Every structure is written in structure tokens, then in C-alpha cells.
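Pasted below: structure-v2.cif, mmCIF, C-alpha atoms.
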data_run
loop_
_atom_site.group_PDB
_atom_site.id
_atom_site.type_symbol
_atom_site.label_atom_id
_atom_site.label_comp_id
_atom_site.auth_asym_id
_atom_site.auth_seq_id
_atom_site.Cartn_x
_atom_site.Cartn_y
_atom_site.Cartn_z
ATOM 1 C CA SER A 438 -71.245 58.083 37.154
ATOM 2 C CA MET A 439 -72.430 61.531 38.477
ATOM 3 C CA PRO A 440 -70.774 62.752 41.708
ATOM 4 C CA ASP A 441 -72.306 65.525 43.807
ATOM 5 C CA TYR A 442 -70.353 68.542 42.543
ATOM 6 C CA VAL A 443 -71.996 70.831 45.182
ATOM 7 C CA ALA A 444 -70.481 68.768 48.043
ATOM 8 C CA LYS A 445 -67.137 68.350 46.209
ATOM 9 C CA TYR A 446 -66.885 72.073 45.300
ATOM 10 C CA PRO A 447 -67.841 74.206 48.387
ATOM 11 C CA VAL A 448 -67.371 77.997 48.727
ATOM 12 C CA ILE A 449 -63.750 78.948 47.814
ATOM 13 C CA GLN A 450 -61.707 80.081 50.762
ATOM 14 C CA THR A 451 -58.084 80.420 49.457
ATOM 15 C CA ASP A 452 -56.283 81.256 46.180
ATOM 16 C CA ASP A 453 -54.873 77.648 46.298
ATOM 17 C CA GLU A 454 -58.473 76.401 46.300
ATOM 18 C CA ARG A 455 -59.400 78.841 43.465
ATOM 19 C CA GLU A 456 -56.471 77.448 41.381
ATOM 20 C CA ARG A 457 -57.617 73.906 42.053
ATOM 21 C CA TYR A 458 -61.182 74.785 40.894
ATOM 22 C CA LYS A 459 -59.785 76.507 37.752
ATOM 23 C CA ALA A 460 -57.732 73.418 36.797
ATOM 24 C CA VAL A 461 -60.806 71.139 37.264
ATOM 25 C CA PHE A 462 -62.871 73.564 35.120
ATOM 26 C CA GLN A 463 -60.212 73.479 32.300
ATOM 27 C CA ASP A 464 -59.912 69.633 32.389
ATOM 28 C CA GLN A 465 -63.728 69.160 32.317
ATOM 29 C CA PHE A 466 -64.527 72.029 29.861
ATOM 30 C CA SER A 467 -62.311 70.396 27.205
ATOM 31 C CA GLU A 468 -64.032 67.046 27.806
ATOM 32 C CA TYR A 469 -67.488 68.864 27.644
ATOM 33 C CA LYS A 470 -66.520 70.802 24.442
ATOM 34 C CA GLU A 471 -65.775 67.451 22.655
ATOM 35 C CA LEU A 472 -69.079 65.791 23.869
ATOM 36 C CA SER A 473 -71.250 68.874 23.294
ATOM 37 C CA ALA A 474 -70.163 69.049 19.583
ATOM 38 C CA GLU A 475 -70.830 65.312 19.033
ATOM 39 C CA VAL A 476 -74.261 65.522 20.805
ATOM 40 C CA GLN A 477 -75.306 68.725 18.982
ATOM 41 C CA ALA A 478 -74.283 67.411 15.546
ATOM 42 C CA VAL A 479 -76.603 64.400 16.055
ATOM 43 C CA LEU A 480 -79.674 66.432 17.263
ATOM 44 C CA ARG A 481 -79.381 69.080 14.440
ATOM 45 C CA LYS A 482 -79.257 66.266 11.837
ATOM 46 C CA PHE A 483 -82.561 64.951 13.218
ATOM 47 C CA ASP A 484 -84.145 68.405 12.766
ATOM 48 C CA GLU A 485 -82.900 68.561 9.098
ATOM 49 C CA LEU A 486 -84.233 65.022 8.445
ATOM 50 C CA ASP A 487 -87.796 65.747 9.719
ATOM 51 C CA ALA A 488 -87.951 68.689 7.250
ATOM 52 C CA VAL A 489 -87.611 66.401 4.107
ATOM 53 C CA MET A 490 -91.208 64.988 4.364
ATOM 54 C CA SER A 499 -96.544 55.915 -4.709
ATOM 55 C CA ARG A 500 -96.616 53.113 -2.053
ATOM 56 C CA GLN A 501 -92.823 53.449 -2.445
ATOM 57 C CA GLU A 502 -93.015 56.802 -0.566
ATOM 58 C CA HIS A 503 -94.614 54.888 2.361
ATOM 59 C CA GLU A 504 -91.710 52.357 2.221
ATOM 60 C CA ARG A 505 -89.052 55.121 2.165
ATOM 61 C CA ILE A 506 -90.616 57.169 5.021
ATOM 62 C CA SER A 507 -90.861 54.144 7.324
ATOM 63 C CA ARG A 508 -87.265 53.195 6.434
ATOM 64 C CA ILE A 509 -86.034 56.753 7.211
ATOM 65 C CA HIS A 510 -88.283 57.015 10.321
ATOM 66 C CA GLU A 511 -86.968 53.789 11.806
ATOM 67 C CA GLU A 512 -83.318 54.706 11.048
ATOM 68 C CA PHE A 513 -83.836 58.255 12.443
ATOM 69 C CA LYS A 514 -85.694 57.037 15.574
ATOM 70 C CA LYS A 515 -83.008 54.354 16.179
ATOM 71 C CA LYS A 516 -80.116 56.928 16.198
ATOM 72 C CA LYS A 517 -81.752 59.446 18.602
ATOM 73 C CA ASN A 518 -82.845 56.761 21.095
ATOM 74 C CA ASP A 519 -79.514 54.825 20.906
ATOM 75 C CA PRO A 520 -78.326 54.072 24.514
ATOM 76 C CA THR A 521 -74.653 54.959 23.730
ATOM 77 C CA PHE A 522 -75.795 58.327 22.389
ATOM 78 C CA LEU A 523 -78.172 58.888 25.387
ATOM 79 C CA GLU A 524 -75.343 57.995 27.897
ATOM 80 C CA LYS A 525 -73.179 60.681 26.135
ATOM 81 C CA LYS A 526 -76.043 63.255 26.172
ATOM 82 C CA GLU A 527 -76.515 62.467 29.928
ATOM 83 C CA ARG A 528 -72.726 62.934 30.614
ATOM 84 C CA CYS A 529 -72.914 66.152 28.584
ATOM 85 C CA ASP A 530 -75.937 67.561 30.555
ATOM 86 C CA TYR A 531 -74.166 66.628 33.807
ATOM 87 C CA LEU A 532 -70.919 68.350 32.773
ATOM 88 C CA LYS A 533 -72.740 71.567 31.762
ATOM 89 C CA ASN A 534 -74.264 71.863 35.265
ATOM 90 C CA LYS A 535 -71.030 70.777 36.996
ATOM 91 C CA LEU A 536 -69.028 73.394 34.998
ATOM 92 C CA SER A 537 -71.631 76.175 35.656
ATOM 93 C CA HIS A 538 -71.356 75.256 39.411
ATOM 94 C CA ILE A 539 -67.534 75.508 39.382
ATOM 95 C CA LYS A 540 -67.593 78.706 37.236
ATOM 96 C CA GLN A 541 -70.053 80.289 39.779
ATOM 97 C CA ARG A 542 -67.778 79.255 42.755
ATOM 98 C CA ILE A 543 -64.781 80.952 41.050
ATOM 99 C CA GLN A 544 -66.687 84.143 40.045
ATOM 100 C CA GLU A 545 -68.139 84.413 43.545
ATOM 101 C CA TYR A 546 -64.629 84.235 45.099
ATOM 102 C CA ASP A 547 -63.137 86.763 42.618
ATOM 103 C CA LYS A 548 -65.926 89.258 43.285
ATOM 104 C CA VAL A 549 -65.422 88.928 47.096
ATOM 105 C CA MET A 550 -61.638 89.197 46.963
#
Any chance you could put this one into C-alpha cells?
Amino acid sequence: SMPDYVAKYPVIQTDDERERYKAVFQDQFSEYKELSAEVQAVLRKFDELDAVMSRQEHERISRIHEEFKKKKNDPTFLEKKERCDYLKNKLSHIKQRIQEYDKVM
């Protein structure tokens, strides 16, 4: 699931290569923008929820706590957060290769 973007994106040598890196950046940045929003919306909600806190109160807390804990630890969510963290680093790598080439040329 996580290719080595350092090996796949070496130092840019030609404008054709720069254009190819730009197109990969645009394709991936749109994919990252969509995941980043979804991941961030979940994490912020958790922060709001922690801020809210009879033997009924004990029942309600535990109910909330389990529900809250279940959503943050969910493997589908954590796979998306992992893809998101990967993409951020991959995109920063590509951005840096482009900027480096522009500066030189």
C-alpha cells in the first residue's frame, strides 16, 4: 500500500520530468484533500466530545466513552488516517523535488 516515493521520484533533470511530477502532485493532492477533510472532521469531533464531561450519569458516560473510543480506533478510519499521513509526506517529497528544480533552473 505505500510505495517508496524517494526511489520513484529522484532529482528532476528535465522539464518533461518536472511536468510529470506536477501531474502526479495534482492527482494525489486532490485525493489527499478529500481524505484530510474526512480524517480531520473525525478527530475534531473527538476533542469536542471530551469537553462535555445520579448513577445514570455513570451509564451515559460509559455509553459515550465506548461509542467515542470505538470510532477513533475503527480500523477503516485508521487505514484512511494512515493513507492520509503517507500522502502528506509523499506530496511534500514531490513538492520539494519540483521547488528544487525550479530554483536551480
Point out the residue among A:467, A:543, A:515, A:530 with the least atom-to-atom distance to residue 453 (chain A), counting all atoms listed in the file.
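Of A:467, A:543, A:515, A:530, the one nearest residue 453 (chain A), counting all atoms listed in the file, is A:543.
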Nearest to residue 481 (chain A), restricted to all atoms listed in the file and choosing among A:503, A:535, A:528, A:517, comes out as A:517
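When CA of residue 490 (chain A) is paired with CA of residue 476 (chain A), their separation reads 23.6 Å.
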If the PyMOL selection byres ((chain A and resi 486) around 12) were run on this exact file, what residues would it hold? Put them as a ChimeraX atom specification. /A:479-485,487-490,506,509-510,512-514,516-517
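In this model, the gap between CA of residue 550 (chain A) and CA of residue 460 (chain A) comes to 19.2 Å.
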Once the PyMOL selection byres ((chain A and resi 465) around 12) has been applied to the shown file, what residues remain in the selection, as a short mmCIF file (atom, residue, chain, number, x, y, z; two decimals) with C-alpha atoms, in the frame of the given file?
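Resulting contents of expr.cif:
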data_model
loop_
_atom_site.label_atom_id
_atom_site.label_comp_id
_atom_site.auth_asym_id
_atom_site.auth_seq_id
_atom_site.Cartn_x
_atom_site.Cartn_y
_atom_site.Cartn_z
CA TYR A 458 -61.18 74.78 40.89
CA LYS A 459 -59.78 76.51 37.75
CA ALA A 460 -57.73 73.42 36.80
CA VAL A 461 -60.81 71.14 37.26
CA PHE A 462 -62.87 73.56 35.12
CA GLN A 463 -60.21 73.48 32.30
CA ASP A 464 -59.91 69.63 32.39
CA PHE A 466 -64.53 72.03 29.86
CA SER A 467 -62.31 70.40 27.20
CA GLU A 468 -64.03 67.05 27.81
CA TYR A 469 -67.49 68.86 27.64
CA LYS A 470 -66.52 70.80 24.44
CA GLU A 471 -65.78 67.45 22.66
CA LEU A 472 -69.08 65.79 23.87
CA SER A 473 -71.25 68.87 23.29
CA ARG A 528 -72.73 62.93 30.61
CA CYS A 529 -72.91 66.15 28.58
CA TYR A 531 -74.17 66.63 33.81
CA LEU A 532 -70.92 68.35 32.77
CA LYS A 533 -72.74 71.57 31.76
CA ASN A 534 -74.26 71.86 35.26
CA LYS A 535 -71.03 70.78 37.00
CA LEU A 536 -69.03 73.39 35.00
CA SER A 537 -71.63 76.18 35.66
CA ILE A 539 -67.53 75.51 39.38
CA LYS A 540 -67.59 78.71 37.24
#
- prompt: How far is it from CA of residue 545 (chain A) to CA of residue 450 (chain A), in Å with one decimal?
  reply: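 Computing it gives 10.6 Å between the two atoms.
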(Q) Nearest residue to residue 548 (chain A) out of A:449, A:526, A:507, A:518, using only C-alpha atoms? (A)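 Looking at the shortest contact to residue 548 (chain A), the residue is A:449.
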Pull out region 443-512 of chain A, keep C-alpha atoms, and write it as a short mmCIF file (atom, residue, chain, number, x, y, z; two decimals), in the first residue's frame.
data_model
loop_
_atom_site.label_atom_id
_atom_site.label_comp_id
_atom_site.auth_asym_id
_atom_site.auth_seq_id
_atom_site.Cartn_x
_atom_site.Cartn_y
_atom_site.Cartn_z
CA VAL A 443 12.00 8.72 -2.73
CA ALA A 444 13.07 5.97 -5.18
CA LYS A 445 10.14 6.68 -7.54
CA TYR A 446 10.72 10.47 -7.52
CA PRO A 447 14.51 11.19 -7.88
CA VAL A 448 16.09 14.62 -8.55
CA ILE A 449 14.36 16.29 -11.56
CA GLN A 450 16.55 16.52 -14.61
CA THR A 451 14.25 17.76 -17.46
CA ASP A 452 11.14 19.96 -17.88
CA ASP A 453 9.34 16.77 -19.13
CA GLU A 454 10.17 15.16 -15.78
CA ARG A 455 9.05 18.33 -13.89
CA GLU A 456 5.68 18.18 -15.76
CA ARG A 457 5.30 14.53 -14.87
CA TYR A 458 5.95 15.31 -11.15
CA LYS A 459 3.45 18.22 -11.28
CA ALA A 460 0.70 15.98 -12.72
CA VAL A 461 1.33 13.32 -10.01
CA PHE A 462 1.20 16.08 -7.34
CA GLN A 463 -2.19 17.37 -8.70
CA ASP A 464 -3.71 13.83 -8.92
CA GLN A 465 -2.56 12.94 -5.36
CA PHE A 466 -3.24 16.38 -3.75
CA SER A 467 -6.93 16.13 -4.73
CA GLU A 468 -7.09 12.60 -3.28
CA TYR A 469 -5.26 13.90 -0.08
CA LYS A 470 -7.58 16.98 0.21
CA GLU A 471 -10.66 14.64 0.30
CA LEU A 472 -9.07 12.24 2.92
CA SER A 473 -7.57 15.02 5.07
CA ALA A 474 -11.04 16.68 5.49
CA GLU A 475 -12.71 13.35 6.41
CA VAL A 476 -9.88 12.46 8.89
CA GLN A 477 -9.80 15.94 10.47
CA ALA A 478 -13.59 16.12 10.89
CA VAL A 479 -13.48 12.86 12.91
CA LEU A 480 -10.55 13.90 15.22
CA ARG A 481 -12.03 17.42 15.97
CA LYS A 482 -15.36 15.79 16.93
CA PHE A 483 -13.50 13.65 19.48
CA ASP A 484 -11.97 16.80 21.03
CA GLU A 485 -15.47 18.44 21.29
CA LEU A 486 -16.90 15.25 22.86
CA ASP A 487 -14.25 15.00 25.64
CA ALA A 488 -15.14 18.60 26.66
CA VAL A 489 -18.81 17.68 27.61
CA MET A 490 -17.83 15.83 30.87
CA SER A 499 -27.08 10.10 39.52
CA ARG A 500 -25.89 6.54 38.64
CA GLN A 501 -27.47 7.47 35.28
CA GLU A 502 -24.51 9.85 34.65
CA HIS A 503 -22.19 6.82 35.04
CA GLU A 504 -24.35 4.90 32.48
CA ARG A 505 -24.29 7.81 29.98
CA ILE A 506 -20.51 8.45 30.27
CA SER A 507 -19.64 4.79 29.69
CA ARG A 508 -22.07 4.70 26.74
CA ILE A 509 -20.49 7.85 25.21
CA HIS A 510 -16.93 6.67 26.08
CA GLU A 511 -17.40 3.32 24.38
CA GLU A 512 -19.02 4.90 21.28
#
